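Have a look at the structure below before the remarks.
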């Protein structure tokens with residue numbers, strides 16, 4: 001016998017494919033379908049770095065009504081939606097010069 005939750009947790013954020021949404025702070029963010037998809041993608045790889053476009057090309061690869069892939073800013077909205085820092089998320093942005101690493105904790109050594 002086996003059973004799984006399909007809920008994924010990192011800090012005070014919980015991402016949920018069992019309900020296709022997310023909670024933060026026990027208080028129910030509800031990300032957009034793509035912001036949730038890309039967040040899920042990163043969080044489901046979390047601790048591996050994901051090169052911005054690799055993520056978006058996994059979920060979408062679309063231009064919308066001329067939004068010109070404002071990826072770092074859109075992450076800078078995931079930032080306050082995941083309880084994160086004022087200038088960049090400790091959870092996500094760049095890591096060094098690469099992508100979006102969704103972290104588990106922000107320091108290895």
**Message:** Quick check: from the Cα gyration tensor, does the chain come out rounded (a/c under 1.5), prolate or oblate?
**Reply:** rounded
**Rel. contact order, % - alpha carbon contacts under 8 angstrom, at least six apart, the chain** = 26
**Prompt:** Taking only DSSP H segments of four or more residues, each worth -39500 (n - 2.57), what value at 222 nm results for the chain once the sum is divided by all its residues, to the nearest 500 deg cm²/dmol?
**Reply:** -8000 deg cm²/dmol
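Laboratory data are not the source of any read-out in this text; all were calculated from the coordinates shown.
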